[PDB]
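>>> Pasting an experimental structure, sequence included:
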Amino acid sequence: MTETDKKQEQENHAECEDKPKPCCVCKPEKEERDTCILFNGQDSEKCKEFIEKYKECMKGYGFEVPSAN
Ligand SMILES: [Cu+]
């Protein structure tokens, strides 16, 4: 029995989905980032500051991050 379509593609937003399985070691900074982008609008320094601080606090004895390298 054949079929027209079934397999879903599902693409990403821009590039690199990031975020593996954010365990319990990561939660507060996450809320701080969301709030920062909520009030600001990501139009403030691109909020890259929180991204770097996060990747810096996680890549070092933190947990795990896929990234795009
Ligand atoms: Cu975590």
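Nice, I can see it. Residues are numbered from 1 along each chain as shown.

>>> Buried by neighbour count: which residues of stretch 13-30 qualify?
Buried residues in stretch 13-30, counting neighbours by 16 or more other CB atoms under 10 Å, are found at residue 26. Bear in mind the C-beta positions are built from the backbone N, C-alpha and C, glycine included.

>>> CA-only coordinates of that stretch, as CSV, when you get a sec.
The C-alpha coordinates for stretch 13-30 follow below in CSV (Å, rounded to 0.1, in the frame of the first residue of the first chain):
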residue,chain,number,x,y,z
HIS,A,13,14.0,28.7,12.8
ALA,A,14,17.3,30.2,11.5
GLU,A,15,20.3,28.0,12.3
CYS,A,16,21.4,25.5,15.0
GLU,A,17,18.5,24.5,17.2
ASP,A,18,20.8,24.5,20.2
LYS,A,19,19.7,23.4,23.7
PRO,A,20,20.1,19.6,24.2
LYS,A,21,18.1,18.6,27.2
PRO,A,22,18.5,21.6,29.6
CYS,A,23,18.8,19.6,32.9
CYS,A,24,18.3,21.1,36.4
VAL,A,25,21.8,22.7,36.4
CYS,A,26,20.4,25.3,33.9
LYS,A,27,17.1,27.2,34.7
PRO,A,28,17.7,30.6,36.5
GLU,A,29,19.9,32.1,33.8
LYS,A,30,17.4,30.9,31.3
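
>>> That one vs the ion: in contact?
Yes: Stretch 13-30 is in contact with the ion by CB under 5 Å from the ion, via 22, 23, 25, 26.

>>> same check, this time on stretch 50-61
No: with CB under 5 Å from the ion as the criterion, the ion is not reached by stretch 50-61; the gap is at least 7.6 Å.

>>> Give me the buried positions along that stretch.
50, 54, 58.
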